[PDB]
């Protein structure tokens, strides 16, 4: 099997890739919901306490607790970028002031954002794979269409044409020669 095989695999693969893409979109939406919910809870606390969280957070930045470690990994010929988060324990957390009871709400939001960011590091690692995978699907479906909707018809013509040339030659011999 060749075309009949390719055709089947091509299609099986395009469904698998449609699902992946859908699940990545689903993940992307949840990211949005998760992050805004967290943001809304900081607003709540900021409003309630009068403190400006965004100010305090941003002005206390110095050195990164949350870093990554970046690798290039050869996988069946294609080079992929992978990331692993690493968390420096030498660096302390933020100690936000003037929140009182609201401090625990912020603590929990921080817990959430950290886990969300880790999730982004994993999506980022997923990126090169999906990009390659995208182009493979596109190319593969280009070939299958060429064969089906171009190369075959074009060959059906060529062979029809060739037979007409030979019919005319046969005809011209019946007459010009004998």
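Positions refer to the first chain, counted from 1.
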Which of 104-112 and 88-96 has higher mean CA B factor, as the PDB entry lists it: 88-96
Residue stretch of maximal mean CA temperature factor, 154-162 vs 16-24: 16-24
Out of 128, 37, 62, 145, residue topping the C-alpha B-factor column of the entry: 145
Residue 134 by Cα B-factor - lowest, middle or highest third of the modelled chain: middle
